[PDB]
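Notes follow once the structure below has been shown.
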Amino acid sequence: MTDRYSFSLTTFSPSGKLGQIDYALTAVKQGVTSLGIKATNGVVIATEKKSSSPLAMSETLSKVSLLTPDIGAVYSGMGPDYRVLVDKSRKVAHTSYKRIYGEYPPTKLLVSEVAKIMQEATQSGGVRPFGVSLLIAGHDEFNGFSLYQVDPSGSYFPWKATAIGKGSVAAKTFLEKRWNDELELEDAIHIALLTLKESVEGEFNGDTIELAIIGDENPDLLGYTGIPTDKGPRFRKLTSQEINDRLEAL
Amino acid sequence: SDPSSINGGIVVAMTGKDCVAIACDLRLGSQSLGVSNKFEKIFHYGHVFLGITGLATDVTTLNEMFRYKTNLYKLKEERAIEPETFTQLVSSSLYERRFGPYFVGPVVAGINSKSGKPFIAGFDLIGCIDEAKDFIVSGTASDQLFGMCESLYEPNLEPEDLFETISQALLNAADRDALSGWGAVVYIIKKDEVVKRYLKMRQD
Amino acid sequence: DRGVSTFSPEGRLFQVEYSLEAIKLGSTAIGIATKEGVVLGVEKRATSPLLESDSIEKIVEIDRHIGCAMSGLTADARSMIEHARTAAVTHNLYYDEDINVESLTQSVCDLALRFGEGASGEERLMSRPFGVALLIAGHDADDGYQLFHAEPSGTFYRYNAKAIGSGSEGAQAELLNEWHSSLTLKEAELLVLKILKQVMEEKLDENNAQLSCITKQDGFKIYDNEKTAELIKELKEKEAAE
Amino acid sequence: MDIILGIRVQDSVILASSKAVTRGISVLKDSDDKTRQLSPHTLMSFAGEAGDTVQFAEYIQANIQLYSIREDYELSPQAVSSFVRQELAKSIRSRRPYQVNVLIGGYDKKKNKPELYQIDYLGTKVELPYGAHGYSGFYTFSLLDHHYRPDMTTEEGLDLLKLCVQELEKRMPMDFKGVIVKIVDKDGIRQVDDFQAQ
Amino acid sequence: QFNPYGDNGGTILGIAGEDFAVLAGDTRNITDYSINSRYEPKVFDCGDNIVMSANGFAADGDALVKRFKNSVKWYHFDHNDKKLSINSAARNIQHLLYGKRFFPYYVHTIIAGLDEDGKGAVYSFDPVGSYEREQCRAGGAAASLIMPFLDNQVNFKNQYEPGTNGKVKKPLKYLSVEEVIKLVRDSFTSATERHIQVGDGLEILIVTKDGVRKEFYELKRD
Amino acid sequence: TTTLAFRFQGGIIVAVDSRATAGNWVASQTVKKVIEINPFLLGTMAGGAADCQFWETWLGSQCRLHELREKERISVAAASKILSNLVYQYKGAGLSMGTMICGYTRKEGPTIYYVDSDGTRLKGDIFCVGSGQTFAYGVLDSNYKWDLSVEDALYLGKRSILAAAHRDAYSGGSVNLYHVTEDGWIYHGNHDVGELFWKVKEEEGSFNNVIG
Amino acid sequence: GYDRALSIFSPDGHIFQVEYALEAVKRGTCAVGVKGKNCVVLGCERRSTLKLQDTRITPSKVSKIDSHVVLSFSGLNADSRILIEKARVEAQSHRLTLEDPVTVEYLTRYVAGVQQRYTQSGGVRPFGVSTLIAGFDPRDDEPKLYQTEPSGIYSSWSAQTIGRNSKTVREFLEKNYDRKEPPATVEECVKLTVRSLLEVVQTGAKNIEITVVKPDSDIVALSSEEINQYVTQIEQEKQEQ
Amino acid sequence: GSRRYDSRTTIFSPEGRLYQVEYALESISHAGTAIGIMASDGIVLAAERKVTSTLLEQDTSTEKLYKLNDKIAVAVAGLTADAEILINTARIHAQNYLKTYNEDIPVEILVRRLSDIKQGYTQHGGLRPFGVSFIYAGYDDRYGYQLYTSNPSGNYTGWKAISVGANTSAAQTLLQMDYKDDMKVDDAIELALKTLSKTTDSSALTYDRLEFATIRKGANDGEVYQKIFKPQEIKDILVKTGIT
Amino acid sequence: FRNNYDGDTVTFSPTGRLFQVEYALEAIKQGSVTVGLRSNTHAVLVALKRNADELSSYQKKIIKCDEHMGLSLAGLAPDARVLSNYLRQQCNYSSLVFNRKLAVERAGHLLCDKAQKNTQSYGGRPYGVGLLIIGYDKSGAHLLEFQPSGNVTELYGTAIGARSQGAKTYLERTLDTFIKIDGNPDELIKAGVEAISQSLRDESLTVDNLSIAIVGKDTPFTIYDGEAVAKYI
């Protein structure tokens, strides 16, 4: 027994390529499309709920997840790898930040922590890189709204809007045409729905689409009253119904 | 025996109208022997102020520790740490040594650079936060300081007036404590500027 | 690849056999035991005339009653010497006496097979077998003057005379005919000098060869160059006498 | 305890340390040098627990000499004193603490000013015009408080110390057998071999 | 609270002759004011002509003797059946005792045999390994009663030549095995009279170039 | 116990008594308190019998290892520091030893180092260690000169130990003498205090207070 | 956790990783050392694959291990740092326990031991470095010069060189260095050193650094000029014929 | 066993070269170019952002210039994520030094430490090296303005001007051509931009594709200042130097 | 085939074989011959000692484990030292903790289990030596045969090493005879020497070439070499 794989499984090839990272990126390319758009007063991230069978309950599988009350994430690639990354991300937000400063981490720093976790699966002994790309959206007092992308290599970059996965090339092009620095959240939601429609083959509705936003504080989602400074989470997942109402004005 | 009474020393902080004050004596002794009359007990990281009473060696170690942590914080966050945040950092740093504690009485003072709101806080040696709006006191003459502050203090004092109040509280408390005194320094803090003054006091 | 503790289809440990091949490329070392002591001689074999020959140490003291000569990857012998010296000194601390030559040898040989990447038997942390062979010579009250050949295989043999290194097959054949139960220390010295001369590529002189002996009376001593030079001269004379 | 005194004058730091080593009922030695040169312009005197004293001093010396070779540079007195403070501060919270008090006198060649640091076994550091460890301070700090001046010459400093030593030889219970005095300045460290009657 | 030590009484005696040595010990084992056994051997033949006794806390005495006998066995295994000389056993025993310097074997130990020149030898140890070779040594409960006697009758201390005005010390003529056995038996009958922990039986082990012999004598049982 | 060692023109004198005790009980009058580390190094013992014997014997093994490794005799400074550093590792555990490491090397000349279980290591010309140290110091301090004849030095040393054997209840037995020169130490015999005392009294006229 | 055996025996009795470590040394800049009657000199050549360096701060090829001993090398620069640091630490530890600085042979034996250990320990590769260690034993005036290689083997030399073209410069030294009469002067010693280097450096005033080591911790490095002056006087010895 | 899948990242080739180091360097050669130029009154760091899009938020982006100290900074060429790992340990080493000696860490000591970390991955552990090359720009009171470079092998060297990443050959030649010892920071700024401008594999050199920083001892003060230029500031300096 | 499955002990060949173990077994066959046989009162070991040169000694082949147990080796000597040492300790443990002499049968089980661990894990290698264990315990005389594969068997007599097949056939023939040689050590030995000489070929057993060991009813395990074996040549 005992893990005796203490050497790297990702190494440099004569051409300078890191094979395992390139291959992980290829797995990301085969994944269902997901995207994110940053507005002036919010951020939207969305993807398609590619149910693997009509007998499956697509709601019991969340592709969009809350990391902190003001930060959410979505991905493209290997769903199981994403799931554990979310568990680790939620935990590191506490162990490396909340239990020290008594407040949730700003978006860039949490992204930085996730990125570190992914980089390590690129050099540590006995493991393969995570086969996913993430789109993390959030808000924090001193930086406002932000959107980031994290790749299998651990690299991450901020975006105004972007797409990853299957038809990311076409979707990125469609976003470059409609994006401007004056967009309001509802506008971005609208643009998000339009972009996603080109990537979807079959049914396109609130039950096959998963979408969340980072907007204003939702005092009704807090759970208690009595403390003025505590106004609620900015992260909110739209309901199947909220999505349909917007599809009619498509 | 009592690590908190070996070196002596006091610190006090007060809030005023769009300002804050933090003051301390300058003595550093070894039991009855006065050793140094230049041992300042107030430090600052960016615009956040920290005063520390208790065992001198821990006062020094803690200052170096917080300089170290606030420096990294700034490099990663790309902004100076705020009073409220730093208070939580002190608290968690102290509780981390719950069973082998630093023998100190930290005090935080400053103004949130974004809300302009004056802030102060105190802690016991293992991190419990005392977030009073009026004043925080610490040191070998803490009973005296509580007495002066409760009597002399009043809300919304102007910088120039708060200075007279914090000073009289410090001075008269120090003079009823054998291990406190030997000089004093007062810091008047405003959103834009900070003035440091050395007070004239009894040298016995 | 292939484990460092793998067996060949013939029942031999690859690394140990390949280790023996490295020892064959080393400088020659010869040892001869008599009832008057044991002689140890080596071929310095400097690689350039600018190399100060006396800094070549291939004959070392283990204790007053034990000395030894090496052949092969000589750097590998340091930790072995260190272990031997410690074993001897430690034995004396624990028992107020000299360690027997055979015991000292068995202890050095215990290190030999302690190699591998995780062999189940203890904690053999050493990546490869030693690439050097040793001739351990000494004297103890129970078995008198002795000569042992310690190999990286962990086995050691006692010899009346033995040669190791590049010219061993030739030198050993010579020792087979020259040795006899009544040689004197002087005869042994000349005999070692003679055989070294036959197998060395260079012309043997007091600078490229070195002698040593161990006697019950004075212990282990390394002959200084002047003393050996005379033995060289005395040898040339007896050979030219017929 | 042993006598450890230090004084910073205009262009130098003078260190005075008692020569006796007493164990129980006997004075075993009367020419003990309680000091170690850390670098050409930095000297450290020490007093405290029997074995810990020298072990600590020599340990610090080794580390500074190592830093000097690695960097081919000499750390400033303030840097050295901070290194020494951290070591003592680590020690106070370990299994068995070094019970050693020290005085560090150095001449900072970059600032061209002498400096005197007093650090006790807890890691308590302070920079002073003059200092002392143990009972010595109880008789010398009031003397120096009275006769000290910032612009004193190395010679005036030596007369000031002589005054301190005389007071110690008059009022202290123990016979510390005189002191060894060393001067630290821009030219290094030298020992005043003539203090037995200066 | 738990006390890891106890005291089992007993007394042992070792005397070295010119070409022999003896190690004796009473056979009574006790606890406080009770007798645990009237016959519990305390002196042992450990092989290689060495006799040993570790007196004091019996449990510790047994562990030590057991460990030494095993040491002798391994000495044979690791050094081609070489005989363990008495001086070598002594040093070995020092390391055994000092190994527990911080949780000592609460015993006073004596070993006897012949040195490498055939002479009688006796070695006595401190509970932590301090040792010395001697002519004779009493250990245990009555050691304070016996040693003075042995200093006088074995080494002739304070004894002078009659008529020499205490100017000439009585010569050190050496004792025979028969004369030594007499001193041993007398030492023990005296010890049995004055010390409540001594009695029941006396067992003597004699070591000569021919091996180890044993003699037994009854002692008062009160 | 009383042990002493001093430096002088002819080298070094080393003298020790030979009594071992356990409370008021005299355990032995024939103990060796000087161990011949090696042909050129001497070690004295005071305090715990076992502690001194075990570690000083161990010191010899470490000194021998040095000579095999460095092909040179170990210095008195390096030898004394080996024992000193070892003893320092055990500080607080309860070891008990007061010792003198004495030797003569070409490089250092006659040298004496005092080493105890507190971790103290001191180089010096004169040292007396043990329960009887003060008594030896008394006689030794009032008759010492750097210019004593090997003969007069050996006597002072012997006389000093005698003084201590007489007044210290825990010192006695016999005196063991040693002289240290570059070519090594020279044993100068065992002198039973029983006879030595009377001899010295008569020949010297001292100890006038005892009746004999 | 990583403990793969990287240095092992091959069928012919060689240890390729050690052998290839030597190849890395052959590729390193040349280094030479010659001992005079009262000194030792160490010379090194400076590459020119890229020139626009800041000589003040760029790590020099000769390092002081202690005030009386220096070490130069040929091979991987990064690897040499590891050995230099360990040697420096060992030098201070030795002064601390023996109360005497290390002899040159002792320091050499230590560095060589470290190198050997890295040839038979799991999970590590050998140092791709060979060194020249020179200086004077405490209170001694007899010069010392030793060389160590990847295998861990070491020995002393009257003069020696390692690195690229060391074959060439060694020849120059074998037929230009007389043991009967070693360079009885710091000057004629530095001259023999510069000469041997010119045989391979191909005109490089700024491509040749020298360090002189004398008894009692007297170590100093020459400046471009001081060296440039030696080059000049030597190119004349040639033309004057 | 596992030995079957072990690539052996730390062995020599028959030529005495370290495979993984050579391959990591090959990787570095495809990363955006980074330039460092040291002047009499300051230092300049300039780097080209590899790959960009209209939607890339440049204001909140940093992929090549990082602050290590208040007096030391680095320009990165290679795997960004590998760089962040090393940057963070360097930031720690600097704070440890300040805590120990109460003095800012000398530039070389911090550079040597980071280089030693890199060297380690080269000799033991069986892990791949970091695919990173750094250009360090810093100031200390012993050598003043300094410029260093370190690569995957753990080797480091000092320079007056240097480049890492893509097209260093062409860039080094240009720098060696117009660099002059008596230069001034503003001259350096211009030299840096011109050089990048001629070596870019892109159409034109625009502000959205650059990161700029300087370390000057602003005369009106007496201390050292690090200025990591903002988008607008780069756009400006781009027009002034005549590249519009 | 073989080449692909003989890299380590943790690999089974397509026919269920463990080649590394089989190769270790081969080192035994290359070892010098040794014989073992017992009656109801004694057990005997006879071994042919091999030498390197005519200037070297003949390497010992018999090792004592306790007063009632011992063994002879064939193959890698160092492995025999490791295994005999483990057995010495096990015999030791039994005496110290239970004041009991270790049963030969139990010793065989302990040896089997120790060897097995080295045939199922990565990194290790099988022991490359064969052992013949004899002893006299509470159930009489015993002879065991140990193989590196971990297989231990109790026999009346046997032989291992080169040409061991000769002696083995002779013993399998002499069975009914030697098994009854009770109360007569010299006879059992001669019976063994006759068995071993059935595997000779090169030379003839000499005085510094033969090695004998015996254990029995009132006979502690003792080894006879040289002059002491003269009366049997």
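Chain labels A, B, ... are given in the sequence in which chains occur in the structure tokens; within each chain residues are numbered consecutively from 1, and ligands are likewise numbered from 1 in the order shown.
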Need the shell around residue 64 of chain I: protein/DNA/RNA residues with any atom at most 12 Å away, counting only C-alpha atoms. Skip same-chain ones fewer than 5 positions apart. Format as a PyMOL selection string? (chain E and resi 73-74+76-78+80-81) or (chain I and resi 45+69-73+80-81+83-85+87-89+91+132-135+212-215+220-224)
Take the residues just selected and output them with N, CA and C atoms as a compact mmCIF listing (two decimals), in the first residue's frame.
```txt
# COMPACT_ATOMS: atom_id res chain seq x y z
N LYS E 73 25.35 -15.02 26.37
CA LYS E 73 24.89 -15.85 25.28
C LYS E 73 25.15 -15.16 23.93
N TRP E 74 24.81 -13.88 23.83
CA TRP E 74 25.03 -13.17 22.58
C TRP E 74 26.51 -12.89 22.34
N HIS E 76 28.84 -14.97 22.87
CA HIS E 76 29.31 -16.19 22.22
C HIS E 76 28.90 -16.17 20.74
N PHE E 77 27.63 -15.88 20.48
CA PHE E 77 27.09 -15.81 19.13
C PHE E 77 27.82 -14.83 18.21
N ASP E 78 28.13 -13.64 18.73
CA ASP E 78 28.79 -12.61 17.93
C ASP E 78 30.31 -12.58 17.91
N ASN E 80 32.49 -15.66 17.89
CA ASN E 80 32.97 -17.02 17.74
C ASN E 80 33.22 -17.73 19.07
N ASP E 81 32.18 -17.87 19.88
CA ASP E 81 32.28 -18.56 21.17
C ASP E 81 33.42 -18.13 22.11
N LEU I 45 23.46 -32.79 10.79
CA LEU I 45 23.68 -31.94 9.63
C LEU I 45 25.10 -32.23 9.15
N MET I 69 18.77 -26.14 18.92
CA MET I 69 18.43 -25.92 17.51
C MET I 69 19.56 -25.33 16.68
N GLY I 70 19.59 -25.69 15.41
CA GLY I 70 20.60 -25.19 14.50
C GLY I 70 20.22 -25.46 13.06
N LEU I 71 21.00 -24.92 12.13
CA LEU I 71 20.69 -25.10 10.72
C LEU I 71 21.92 -25.05 9.83
N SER I 72 21.76 -25.51 8.59
CA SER I 72 22.84 -25.47 7.60
C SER I 72 22.27 -24.67 6.44
N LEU I 73 23.15 -23.98 5.71
CA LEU I 73 22.74 -23.12 4.60
C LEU I 73 23.27 -23.53 3.22
N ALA I 80 21.40 -16.07 4.97
CA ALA I 80 21.36 -17.11 5.99
C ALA I 80 21.66 -16.47 7.33
N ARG I 81 22.51 -15.46 7.32
CA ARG I 81 22.85 -14.76 8.55
C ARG I 81 21.63 -13.99 9.08
N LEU I 83 18.36 -14.64 8.43
CA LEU I 83 17.36 -15.61 8.86
C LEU I 83 17.70 -16.37 10.13
N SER I 84 18.96 -16.77 10.27
CA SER I 84 19.39 -17.50 11.46
C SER I 84 19.32 -16.55 12.65
N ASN I 85 19.61 -15.28 12.39
CA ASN I 85 19.58 -14.28 13.45
C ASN I 85 18.14 -14.07 13.94
N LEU I 87 15.88 -16.26 13.89
CA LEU I 87 15.55 -17.47 14.61
C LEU I 87 16.19 -17.46 16.00
N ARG I 88 17.40 -16.92 16.09
CA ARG I 88 18.08 -16.83 17.37
C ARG I 88 17.22 -16.00 18.33
N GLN I 89 16.67 -14.90 17.82
CA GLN I 89 15.82 -14.01 18.61
C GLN I 89 14.52 -14.67 19.00
N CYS I 91 13.99 -17.85 19.41
CA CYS I 91 14.30 -18.88 20.40
C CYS I 91 14.48 -18.17 21.73
N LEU I 132 18.43 -26.00 6.26
CA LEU I 132 18.08 -27.30 6.85
C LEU I 132 18.16 -27.10 8.36
N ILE I 133 17.01 -27.20 9.02
CA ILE I 133 16.93 -27.00 10.47
C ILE I 133 16.77 -28.31 11.22
N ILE I 134 17.62 -28.52 12.22
CA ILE I 134 17.53 -29.72 13.05
C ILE I 134 17.39 -29.26 14.51
N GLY I 135 16.79 -30.11 15.33
CA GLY I 135 16.62 -29.74 16.72
C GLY I 135 16.01 -30.85 17.53
N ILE I 212 30.37 -30.93 10.31
CA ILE I 212 29.28 -31.72 10.90
C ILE I 212 28.66 -31.08 12.16
N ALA I 213 27.36 -31.28 12.34
CA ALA I 213 26.66 -30.75 13.50
C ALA I 213 25.67 -31.79 13.99
N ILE I 214 25.49 -31.85 15.30
CA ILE I 214 24.58 -32.82 15.91
C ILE I 214 23.86 -32.25 17.12
N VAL I 215 22.65 -32.76 17.34
CA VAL I 215 21.83 -32.37 18.48
C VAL I 215 21.01 -33.61 18.86
N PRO I 220 23.69 -31.18 23.46
CA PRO I 220 23.33 -29.85 22.97
C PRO I 220 23.88 -29.69 21.55
N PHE I 221 23.23 -28.85 20.75
CA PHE I 221 23.66 -28.61 19.38
C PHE I 221 25.13 -28.18 19.36
N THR I 222 25.97 -29.02 18.75
CA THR I 222 27.40 -28.72 18.68
C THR I 222 27.94 -28.90 17.27
N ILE I 223 28.92 -28.07 16.92
CA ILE I 223 29.51 -28.10 15.59
C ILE I 223 30.91 -28.66 15.60
N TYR I 224 31.18 -29.55 14.65
CA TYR I 224 32.49 -30.18 14.53
C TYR I 224 33.15 -29.81 13.20
```
All alpha helix (DSSP H) positions in chain H, as number ranges by chain: H: 19-28, 80-101, 107-123, 168-178, 185-199, 231-240
Using the selection just defined, write its residues with C-alpha atoms as a PDB file, in the first residue's frame.
```pdb
ATOM      1  CA  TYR H  19      16.251  17.593 -19.485  1.00  0.00           C
ATOM      2  CA  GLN H  20      13.403  19.148 -17.518  1.00  0.00           C
ATOM      3  CA  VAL H  21      15.282  22.445 -17.098  1.00  0.00           C
ATOM      4  CA  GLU H  22      15.994  22.675 -20.823  1.00  0.00           C
ATOM      5  CA  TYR H  23      12.372  21.905 -21.635  1.00  0.00           C
ATOM      6  CA  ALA H  24      11.056  24.417 -19.087  1.00  0.00           C
ATOM      7  CA  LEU H  25      13.276  27.062 -20.701  1.00  0.00           C
ATOM      8  CA  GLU H  26      11.782  26.137 -24.072  1.00  0.00           C
ATOM      9  CA  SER H  27       8.383  26.774 -22.510  1.00  0.00           C
ATOM     10  CA  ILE H  28       9.515  30.170 -21.209  1.00  0.00           C
ATOM     11  CA  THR H  80       1.679  32.485 -14.157  1.00  0.00           C
ATOM     12  CA  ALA H  81       0.410  30.010 -11.537  1.00  0.00           C
ATOM     13  CA  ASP H  82       3.894  28.595 -10.937  1.00  0.00           C
ATOM     14  CA  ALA H  83       5.048  32.193 -10.518  1.00  0.00           C
ATOM     15  CA  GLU H  84       2.420  33.032  -7.905  1.00  0.00           C
ATOM     16  CA  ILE H  85       3.643  30.066  -5.836  1.00  0.00           C
ATOM     17  CA  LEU H  86       7.209  31.429  -5.813  1.00  0.00           C
ATOM     18  CA  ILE H  87       6.131  35.056  -5.414  1.00  0.00           C
ATOM     19  CA  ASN H  88       4.266  34.226  -2.223  1.00  0.00           C
ATOM     20  CA  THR H  89       7.223  32.416  -0.620  1.00  0.00           C
ATOM     21  CA  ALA H  90       9.495  35.329  -1.593  1.00  0.00           C
ATOM     22  CA  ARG H  91       7.060  37.752   0.054  1.00  0.00           C
ATOM     23  CA  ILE H  92       7.292  35.555   3.193  1.00  0.00           C
ATOM     24  CA  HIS H  93      11.098  35.340   3.171  1.00  0.00           C
ATOM     25  CA  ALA H  94      11.259  39.150   2.992  1.00  0.00           C
ATOM     26  CA  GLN H  95       8.976  39.596   6.003  1.00  0.00           C
ATOM     27  CA  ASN H  96      10.899  36.968   7.996  1.00  0.00           C
ATOM     28  CA  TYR H  97      14.123  38.870   7.361  1.00  0.00           C
ATOM     29  CA  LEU H  98      12.548  42.160   8.445  1.00  0.00           C
ATOM     30  CA  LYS H  99      11.258  40.506  11.614  1.00  0.00           C
ATOM     31  CA  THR H 100      14.682  39.067  12.452  1.00  0.00           C
ATOM     32  CA  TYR H 101      16.907  42.039  11.735  1.00  0.00           C
ATOM     33  CA  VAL H 107      17.954  42.402  -2.916  1.00  0.00           C
ATOM     34  CA  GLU H 108      20.519  39.683  -3.571  1.00  0.00           C
ATOM     35  CA  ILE H 109      19.675  37.683  -0.450  1.00  0.00           C
ATOM     36  CA  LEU H 110      16.018  37.433  -1.464  1.00  0.00           C
ATOM     37  CA  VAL H 111      17.017  36.578  -5.060  1.00  0.00           C
ATOM     38  CA  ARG H 112      19.435  33.866  -3.924  1.00  0.00           C
ATOM     39  CA  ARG H 113      16.772  32.291  -1.688  1.00  0.00           C
ATOM     40  CA  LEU H 114      14.236  32.055  -4.504  1.00  0.00           C
ATOM     41  CA  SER H 115      16.904  30.670  -6.810  1.00  0.00           C
ATOM     42  CA  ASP H 116      17.844  28.027  -4.240  1.00  0.00           C
ATOM     43  CA  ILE H 117      14.190  26.949  -4.050  1.00  0.00           C
ATOM     44  CA  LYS H 118      14.241  26.499  -7.851  1.00  0.00           C
ATOM     45  CA  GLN H 119      17.554  24.615  -7.753  1.00  0.00           C
ATOM     46  CA  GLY H 120      16.063  22.139  -5.282  1.00  0.00           C
ATOM     47  CA  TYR H 121      13.370  20.948  -7.699  1.00  0.00           C
ATOM     48  CA  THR H 122      16.344  20.212  -9.925  1.00  0.00           C
ATOM     49  CA  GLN H 123      18.224  17.765  -7.688  1.00  0.00           C
ATOM     50  CA  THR H 168      15.277  37.576 -26.101  1.00  0.00           C
ATOM     51  CA  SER H 169      17.973  37.214 -28.759  1.00  0.00           C
ATOM     52  CA  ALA H 170      16.591  40.026 -30.905  1.00  0.00           C
ATOM     53  CA  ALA H 171      15.787  42.130 -27.824  1.00  0.00           C
ATOM     54  CA  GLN H 172      19.181  41.642 -26.197  1.00  0.00           C
ATOM     55  CA  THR H 173      20.881  42.795 -29.405  1.00  0.00           C
ATOM     56  CA  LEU H 174      18.798  45.973 -29.545  1.00  0.00           C
ATOM     57  CA  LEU H 175      19.452  46.798 -25.886  1.00  0.00           C
ATOM     58  CA  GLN H 176      23.188  46.216 -26.211  1.00  0.00           C
ATOM     59  CA  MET H 177      23.041  48.690 -29.085  1.00  0.00           C
ATOM     60  CA  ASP H 178      21.372  51.707 -27.436  1.00  0.00           C
ATOM     61  CA  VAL H 185      15.093  56.556 -16.030  1.00  0.00           C
ATOM     62  CA  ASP H 186      13.164  58.421 -18.709  1.00  0.00           C
ATOM     63  CA  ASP H 187      15.663  57.321 -21.343  1.00  0.00           C
ATOM     64  CA  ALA H 188      15.267  53.752 -20.058  1.00  0.00           C
ATOM     65  CA  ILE H 189      11.481  53.940 -20.236  1.00  0.00           C
ATOM     66  CA  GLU H 190      11.758  54.895 -23.901  1.00  0.00           C
ATOM     67  CA  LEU H 191      14.409  52.253 -24.675  1.00  0.00           C
ATOM     68  CA  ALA H 192      12.211  49.578 -23.071  1.00  0.00           C
ATOM     69  CA  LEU H 193       9.095  50.476 -25.066  1.00  0.00           C
ATOM     70  CA  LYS H 194      11.000  50.807 -28.338  1.00  0.00           C
ATOM     71  CA  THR H 195      12.616  47.388 -27.881  1.00  0.00           C
ATOM     72  CA  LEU H 196       9.330  45.647 -27.090  1.00  0.00           C
ATOM     73  CA  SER H 197       7.847  47.519 -30.029  1.00  0.00           C
ATOM     74  CA  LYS H 198      10.313  45.949 -32.459  1.00  0.00           C
ATOM     75  CA  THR H 199      10.158  42.405 -31.063  1.00  0.00           C
ATOM     76  CA  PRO H 231      -3.756  51.565 -18.052  1.00  0.00           C
ATOM     77  CA  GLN H 232      -4.183  55.285 -18.720  1.00  0.00           C
ATOM     78  CA  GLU H 233      -0.612  55.981 -17.592  1.00  0.00           C
ATOM     79  CA  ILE H 234       0.738  53.414 -20.063  1.00  0.00           C
ATOM     80  CA  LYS H 235      -1.429  54.869 -22.827  1.00  0.00           C
ATOM     81  CA  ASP H 236       0.117  58.270 -22.111  1.00  0.00           C
ATOM     82  CA  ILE H 237       3.786  57.237 -22.021  1.00  0.00           C
ATOM     83  CA  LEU H 238       3.086  55.318 -25.234  1.00  0.00           C
ATOM     84  CA  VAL H 239       2.100  58.508 -27.086  1.00  0.00           C
ATOM     85  CA  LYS H 240       4.887  60.682 -25.666  1.00  0.00           C
TER      86      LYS H 240
END
```
Interface, chain H side, toward chain G (6 Å; only C-alpha atoms) as a count of residues only: 12
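Surrounding segment 45-57 of chain H within 6 Å are residues 158, 159, 160 and 161 of chain A; 32, 33, 34, 35, 36, 209, 210, 211, 212 and 213 of chain H, with only C-alpha atoms counted and residues fewer than 5 positions along the same chain left out.
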If I take atom CA of residue 189 of chain A and atom CA of residue 201 of chain A, how far is one from the other in Å, to one decimal? 19.9 Å
Within 9 Å of chain H, which residues of chain D are there when counting only C-alpha atoms? Please give them as an NGL selection string. :D and (71 or 75 or 78-86)
Grab the atom CA of residue 224 of chain G to atom CA of residue 178 of chain G distance for me, in Å with one decimal place.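 Atom CA of residue 178 of chain G lies 28.1 Å from atom CA of residue 224 of chain G.
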